[PDB]
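Computation of the quantities below employed the complete heavy-atom set of this structure, encompassing side-chain atoms and omitting hydrogens, waters and symmetry-equivalent molecules. First the proteins, then the strands, lettered A, B, ... as listed; each starts at 1.
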Amino acid sequence: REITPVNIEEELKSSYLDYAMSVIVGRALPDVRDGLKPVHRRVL
DNA sequence: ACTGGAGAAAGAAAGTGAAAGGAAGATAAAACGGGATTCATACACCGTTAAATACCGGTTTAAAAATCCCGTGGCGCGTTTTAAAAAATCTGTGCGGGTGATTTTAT
């Protein structure tokens, strides 16, 4: 089908949780073993 | 003749670029007030003495202090207003990885 209904709450929750998890685990926090963010490690 | 669509005219309402001016700012010239020198000159400290004043004894008397009656306005109480100070609540902002965009010159 071209059109499928969807509730707003589920879409909002899923999108925001995905973005929050991505930011928390991949962009802003350092690792305890080497103290580096992914960008620093990739540059090095 | 009549109908309904379409294009052109005409008219009225809204947005526009330009407008003195005036309170509200801003910036200089001027008048002011507060320190460093430089002495001459008037001021501070020390012996001498004639004179002006403080002090005692006893009156007194006129003036001020003490006392009584009363009739008021000036403090005191209770209850409201009203600014003033204090506590509570909002508003910005920058740190570092991410998303997406702007402008002026030469040949």
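For B:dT99, the torsion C1'-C2'-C3'-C4' is above zero, which places the sugar in the north, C3'-endo range. In terms of the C1'-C2'-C3'-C4' torsion, B:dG57 has a south-puckered sugar. The angle is below zero. For B:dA101, the ring torsion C1'-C2'-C3'-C4' comes out positive, which puts the sugar in the north group. Using the sign of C1'-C2'-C3'-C4' as the criterion, B:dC39 is classed as a south pucker. Using the sign of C1'-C2'-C3'-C4' as the criterion, B:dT102 falls on the north side of the pucker cycle.
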* To do: Could you give me the CA-CA distance, side-chain angles and deciding distance for A:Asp31 and A:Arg41, then say whether salt bridge (charged side-chain N to carboxylate O under 4.0 Å, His left out) is met?
  => CA-CA 11 Å; A:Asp31 191 8; A:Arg41 177 159 47 251; 5.4 Å; no
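Rounding to the nearest 0.5 angstrom, the gap separating the CD1 atom in A:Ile24 from the CG atom in A:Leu17 is 9.5 Å.
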* Asked: If you write DNA chain B from 5' to 3' in dot-bracket form, with Watson-Crick or G-U pairs under 3.5 Å, [ ] for crossing pairs and | for pairs with another strand, what do you get?
  -> ...........................................................................................................
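Remark: B:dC95 and B:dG96 are not stacked on each other (six-membered ring centres under 5.5 Å, interplanar angle under 30° not both met).
Close approach of DNA chain B to chain A, defined as any atom under 4.0 Å from a non-hydrogen atom of the protein, starts and stops at B:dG97 to B:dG98.
Crowding of A:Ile8 atom CD1: a count of heavy atoms from other residues, nucleotides or ligands under 6.0 Å not exceeding 12. Enclosure of atom CD in A:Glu11 is not indicated, since only 12 or fewer non-hydrogen atoms of other residues, nucleotides or ligands lie within 6.0 angstrom.
Because its glycosidic torsion is within 90° of 0, B:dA19 is reported here as syn.
Heavy-atom minimum distance, A:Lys37 versus A:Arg27: CD-O, 4.1 Å. Taking each heavy atom of A:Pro38 and A:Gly26 in turn, the nearest pair found is CG-O, 3.4 Å.
Criterion: ILVMFWY side-chain heavy atoms under 4.5 Å apart, direct or through other members. Under it, A:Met21 and A:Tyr19 are not part of a common hydrophobic cluster.
Cluster partners of A:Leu36 are A:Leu44, counting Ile, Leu, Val, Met, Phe, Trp and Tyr whose side-chain heavy atoms approach within less than 4.5 Å, directly or via other members.
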